[PDB]
């Protein structure tokens, strides 16, 4: 089970070079437990706290099984969002820089002809895309499941929810029977575990209790607002505290993201907006300016709630509370990346305080009011 370091995993001398070149030194908790089962060909259900290195878990696992001499698609990874797919693609190529393993992003909003040309020319060893463009190319027979022996679902609970389930099944129907299935997500509701019995041959169940998901490095607070109409002013009074680093402001609707943005712009406050109705060129720019520190504050929807990794981010503001119990975990997970110190602030009204109790009792975590010395905790 346990492994001391990457060297003790029987990885190629060229793979261990790309791992340490990326910045790693010692495998995280889950990495020591799941990287070997995944390479051994077992169906794995890996659950771990946020920011613990689940992306590199399967990325290392995939890169080991890839018979680089075979120039065909051998692994398929699916993400609920495009931004996450692009992020996952870079992590794979990074860990396999000295290997020559080709990893292609098969996401929406990209140039179709360019992708069709790249696939017909060369077959990437690893596909990391979203269900839409992935199932499209499979239908056009530009992607071949013939040699796909590994099928990974990041944020599995979201990928197996009401909206994505039928999409995953349309893709799964085109895969072989012997295809290995790997599931990863910080959350794994019981209802989602009931459907894994439908398409997984008794996998390795690495699960975690809900009372232990709350990270210790993420401090959770709340602010009494009473009425919705005062949330704006409260956010502005926090502005100079937000710009202390990089902050993510979560809003439950696209329409409200644009409303708040135009309201803060009208007050001479630098904030960026991000949601799914924007053109893919806008989303790529906005996300670029955010990672490069150009923009410090970002007002977004649940699009960026899951998996988005920005180490510079150390503050998460919940302008609205999530309508999904599990989504709260992923939201706060954007700060305090891998042991770092992170802060989460929940703007709660009176009618919303009812909801906050459920979160505390569900995950067994107390969320105390914010002090004035919080600028030093960021």
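Numbering follows the first chain given and starts at 1.
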Between 114-122 and 150-158, the record assigns the higher mean Cα B factor to 114-122
The stretch whose C-alpha atoms carry the larger average B-factor in the entry, 89-97 or 303-311, is 89-97
Per the deposited B-factor column, the C-alpha that peaks among 217, 80, 293, 276 belongs to 217
Of the three thirds of the chain ranked by Cα temperature factor, residue 224 occupies the highest
The third of the chain into which the C-alpha temperature factor of residue 318 falls is the lowest
Residue 45: C-alpha B-factor third of its chain, per the entry, is the middle
Chain thirds by Cα B factor, record data; residue 329 belongs to the lowest
Here the Cα B-factor of residue 212, set against its chain, lands in the third termed highest
